[PDB]
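Presented below is the structure to which this report refers.
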Amino acid sequence: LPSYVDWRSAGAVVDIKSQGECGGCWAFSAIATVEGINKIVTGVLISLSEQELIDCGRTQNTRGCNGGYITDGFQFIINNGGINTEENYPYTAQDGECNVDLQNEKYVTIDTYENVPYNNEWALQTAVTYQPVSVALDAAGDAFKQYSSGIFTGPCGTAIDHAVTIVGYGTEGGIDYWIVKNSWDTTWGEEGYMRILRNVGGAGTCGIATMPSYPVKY
Ligand SMILES: *[C@@H](C(=O)O)[C@H](O)C(=O)N[C@@H](CC(C)C)C(=O)NCCCCNC(N)=[NH2+]
C-alpha cells in the first residue's frame, strides 16, 4: 500500500458542505463516497443530492433529519436506480416531501456496496487506497466539536453518532493519521477537514474504524 493517499489530489472530492441543524450526516457521508467512486470510474466529478436521500430515502431507522444509517443511503440509490445532482435537488436542511420528478431524474448510479471488516484499521487502509470510504465516529465530546488543527487524538469515546468520510491517510513526524471530510462547513477544523490518529487498535480513535462501508460501481 502507498505511504500517503489523498483523494483531493485526484479530483475525487467535492468541496466541503454544511449540514446545519438537520441530523443528516448519514446522507452527507453516503453522498461523498458515491461522488468519489463516480469520479474514479466515469472520470467526471459531480456533486450529488443529500436532500433527495433525506426526503425520499426514509426506511426503517433512517428518518431524514432525525438521523439514519450510511448504508441506507447507498441502498436508496441502488433501489431507486440512481441519484440526482446537488444543483437539481438542493439541500434545505429540512425534512421535506419527496419530489418525485426529481427522484425519477437520475444521473449517477452505483451497483452495490460493501462493509469493511469492522475494528480493522489495516483492512480500512486497504479500502481507502482504492476510493473514499464512509465511516462514523463519536463526535459528542467538546474536544471534537472544538477541533481546530493538528492530528486529533481525543478525548472521545467509541459509541459512534456522526458519519463522516475518509479521503486519505498519511504520516507526519512519525505520527499516522486518517484525513476526514466533515460536513460542518470550512469554519470547523482544517478548512472543514480533520486529521485524526491512526493505527491505535480496536475500534480506532473515536471509533472511526468500527463501521466503515463504501459504494461499488463496476
Ligand atoms: C449525524 C449528524 O447529523 O450529526 C446524525 O445524527 C446521524 O444520522 N447519526 C447516525 C450515526 C451513524 C450513521 C451510526 C446515527 O446515530 N443514526 C441513528 C439514528 C436513529 C434514528 N431513529 C429514529 N427513530 N429517529
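Labels for the C-alpha cells follow display order: chains A, B, ..., residues from 1 in each chain, ligands from 1.
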List all protein, DNA and RNA residues that have at least one atom no more than 8 Å from any atom of ligand 1, counting only C-alpha atoms and all ligand atoms, and write them as a ChimeraX atom specification.
/A:19,21-27,61-63,65-70,135-137,160-163
Residue neighbourhood residue 106 in chain A, 9 Å, only C-alpha atoms, exclusion window fewer than 5 positions, as a list in words
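With the cut-off at 9 Å, the set is residues 80, 81, 82, 83, 84 and 85 of chain A.
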Export N, CA and C atoms of the chosen residues as an mmCIF file, in the first residue's frame?
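Output file part-v4.cif is given in full below:
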```cif
data_model
loop_
_atom_site.group_PDB
_atom_site.id
_atom_site.type_symbol
_atom_site.label_atom_id
_atom_site.label_comp_id
_atom_site.auth_asym_id
_atom_site.auth_seq_id
_atom_site.Cartn_x
_atom_site.Cartn_y
_atom_site.Cartn_z
ATOM 1 N N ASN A 80 -33.516 2.854 -6.102
ATOM 2 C CA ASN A 80 -34.079 3.861 -6.988
ATOM 3 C C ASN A 80 -33.506 3.777 -8.413
ATOM 4 N N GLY A 81 -32.378 3.087 -8.645
ATOM 5 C CA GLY A 81 -31.748 3.081 -9.958
ATOM 6 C C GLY A 81 -30.917 4.339 -10.174
ATOM 7 N N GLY A 82 -30.598 5.146 -9.144
ATOM 8 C CA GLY A 82 -29.775 6.328 -9.353
ATOM 9 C C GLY A 82 -30.071 7.477 -8.409
ATOM 10 N N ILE A 83 -29.298 8.545 -8.608
ATOM 11 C CA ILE A 83 -29.438 9.749 -7.810
ATOM 12 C C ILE A 83 -29.246 10.979 -8.702
ATOM 13 N N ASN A 84 -29.898 12.057 -8.276
ATOM 14 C CA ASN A 84 -29.814 13.342 -8.955
ATOM 15 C C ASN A 84 -28.711 14.198 -8.350
ATOM 16 N N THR A 85 -28.438 15.336 -8.993
ATOM 17 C CA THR A 85 -27.362 16.234 -8.576
ATOM 18 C C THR A 85 -27.761 17.225 -7.499
#
```
One decimal place gives the CA of residue 57 in chain A-CA of residue 76 in chain A separation as 5.6 Å
Could you check how far CA of residue 105 in chain A sits from CA of residue 44 in chain A, in Å to one decimal?
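CA of residue 44 in chain A lies at a distance of 18.1 Å from CA of residue 105 in chain A.
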For residue 151 in chain A: contacts at 7 Å, only C-alpha atoms, fewer than 2 positions along chain excluded, given as a PyMOL selection string
chain A and resi 149+153+177+195-197
Selected residues written out, N, CA and C atoms, as a CSV table (one decimal), in the first residue's frame:
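Final output, selection_21.csv:
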```csv
chain,number,residue,atom,x,y,z
A,149,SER,N,-7.1,22.3,14.6
A,149,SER,CA,-5.9,21.9,13.8
A,149,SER,C,-5.1,20.8,14.5
A,153,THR,N,-6.3,13.4,18.8
A,153,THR,CA,-6.0,12.1,19.4
A,153,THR,C,-7.2,11.8,20.4
A,177,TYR,N,-2.0,9.2,10.5
A,177,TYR,CA,-3.4,9.8,10.6
A,177,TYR,C,-4.2,9.4,9.4
A,195,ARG,N,-7.5,15.8,10.7
A,195,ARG,CA,-6.5,14.7,10.6
A,195,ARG,C,-6.7,14.0,12.0
A,196,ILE,N,-6.9,12.7,12.0
A,196,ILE,CA,-7.1,12.0,13.3
A,196,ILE,C,-6.2,10.8,13.4
A,197,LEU,N,-5.7,10.5,14.7
A,197,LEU,CA,-4.7,9.5,14.9
A,197,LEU,C,-5.2,8.1,14.4
```
Would you pick out the contacts of residue 164 in chain A at 12 Å or less, using only C-alpha atoms, so that residues sharing its chain but fewer than 3 positions from it are not included, and give the list as number ranges by chain?
A: 16-17, 19, 24-33, 69-70, 132-139, 160-161, 167, 178-184, 192-194, 206-209, 211-214
Quick one: write out the picked residues with C-alpha atoms as an mmCIF file, in the first residue's frame?
```cif
data_model
loop_
_atom_site.group_PDB
_atom_site.id
_atom_site.type_symbol
_atom_site.label_atom_id
_atom_site.label_comp_id
_atom_site.auth_asym_id
_atom_site.auth_seq_id
_atom_site.Cartn_x
_atom_site.Cartn_y
_atom_site.Cartn_z
ATOM 1 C CA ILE A 16 -16.888 20.994 1.875
ATOM 2 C CA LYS A 17 -20.605 21.163 2.535
ATOM 3 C CA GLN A 19 -25.404 20.285 7.036
ATOM 4 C CA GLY A 24 -28.443 14.336 8.083
ATOM 5 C CA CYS A 25 -24.750 13.311 8.491
ATOM 6 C CA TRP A 26 -25.597 9.755 7.245
ATOM 7 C CA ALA A 27 -26.751 11.310 3.914
ATOM 8 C CA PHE A 28 -23.660 13.569 3.646
ATOM 9 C CA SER A 29 -21.292 10.605 4.182
ATOM 10 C CA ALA A 30 -23.113 8.280 1.755
ATOM 11 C CA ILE A 31 -23.139 11.029 -0.922
ATOM 12 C CA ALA A 32 -19.439 11.957 -0.537
ATOM 13 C CA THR A 33 -18.287 8.399 -1.208
ATOM 14 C CA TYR A 69 -27.544 4.976 8.534
ATOM 15 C CA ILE A 70 -24.916 5.388 5.832
ATOM 16 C CA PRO A 132 -13.062 7.338 -0.271
ATOM 17 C CA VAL A 133 -14.764 5.279 2.488
ATOM 18 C CA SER A 134 -17.759 6.188 4.720
ATOM 19 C CA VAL A 135 -17.216 5.866 8.489
ATOM 20 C CA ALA A 136 -18.837 7.049 11.695
ATOM 21 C CA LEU A 137 -17.238 8.293 14.856
ATOM 22 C CA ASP A 138 -18.065 9.547 18.333
ATOM 23 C CA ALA A 139 -18.396 13.304 17.982
ATOM 24 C CA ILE A 160 -20.492 6.462 17.299
ATOM 25 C CA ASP A 161 -23.033 9.082 16.419
ATOM 26 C CA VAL A 167 -10.486 10.765 1.940
ATOM 27 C CA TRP A 178 -6.560 9.497 8.627
ATOM 28 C CA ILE A 179 -7.800 12.547 6.622
ATOM 29 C CA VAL A 180 -11.530 13.108 7.338
ATOM 30 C CA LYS A 181 -14.055 15.173 5.350
ATOM 31 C CA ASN A 182 -16.685 16.512 7.736
ATOM 32 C CA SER A 183 -19.945 18.313 6.832
ATOM 33 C CA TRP A 184 -19.780 21.227 9.300
ATOM 34 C CA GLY A 192 -13.563 21.603 7.092
ATOM 35 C CA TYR A 193 -11.224 18.564 7.342
ATOM 36 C CA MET A 194 -9.707 16.728 10.318
ATOM 37 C CA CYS A 206 -13.255 7.931 18.374
ATOM 38 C CA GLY A 207 -14.422 4.586 16.903
ATOM 39 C CA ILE A 208 -13.546 5.609 13.294
ATOM 40 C CA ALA A 209 -12.771 2.011 12.263
ATOM 41 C CA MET A 211 -18.430 0.522 10.908
ATOM 42 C CA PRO A 212 -16.856 1.516 7.549
ATOM 43 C CA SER A 213 -18.592 0.979 4.219
ATOM 44 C CA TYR A 214 -18.264 2.089 0.623
#
```
Alpha helix (DSSP H) call set, DSSP backbone run, chain A, as a VMD selection string:
chain A and resid 25 to 42 50 to 56 70 to 80 100 to 104 121 to 130 142 to 145
Using only C-alpha atoms, determine which residues lie at most 8 Å from residue 74 in chain A, disregarding the query and same-chain residues fewer than 6 positions distant; provide the list as JSON, numbers by chain.
{"A": [30, 112, 113, 215]}
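Checking A:148, A:165, A:171, A:109 one by one against residue 131 in chain A, counting only C-alpha atoms, you find the shortest gap at A:165.
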Residues of range 10-55 of chain A within 8 Å of range 95-98 of chain A: nearest atom pair and distance (Å, one decimal) for each, counting only C-alpha atoms, sorted by chain and number, as a tab-separated table?
```
residue	atom	partner	partner_atom	distance
A:52	CA	A:98	CA	7.0
A:54	CA	A:95	CA	6.5
A:55	CA	A:98	CA	4.7
```
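The two atoms in question, CA of residue 104 in chain A and CA of residue 13 in chain A, are spaced 25.1 Å apart.
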Identify which of the residues A:189, A:201, A:150, A:155 lies closest to residue 172 in chain A, counting only C-alpha atoms when measuring atom-to-atom distances.
A:150
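Excluding residue 170 in chain A itself and same-chain residues fewer than 6 positions from it, the residues having an atom within 9 Å of it are residues 2, 3, 4, 5, 6, 176, 177, 178, 179 and 198 of chain A, counting only C-alpha atoms.
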Would you save the residues from that selection as a compact mmCIF listing (two decimals), in the first residue's frame, using C-alpha atoms?
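Saved the output as selection-v2.txt:
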```
# COMPACT_ATOMS: atom_id res chain seq x y z
CA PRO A 2 1.11 3.65 -0.52
CA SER A 3 2.57 5.65 2.37
CA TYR A 4 0.14 8.51 1.65
CA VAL A 5 -3.22 8.70 -0.14
CA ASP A 6 -5.26 11.86 -0.65
CA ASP A 176 0.00 8.14 11.45
CA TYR A 177 -3.35 9.77 10.62
CA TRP A 178 -6.56 9.50 8.63
CA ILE A 179 -7.80 12.55 6.62
CA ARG A 198 -4.43 6.18 13.01
```
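Closest to residue 51 in chain A among A:89, A:174, A:71, A:204 is A:89, based on only C-alpha atoms.
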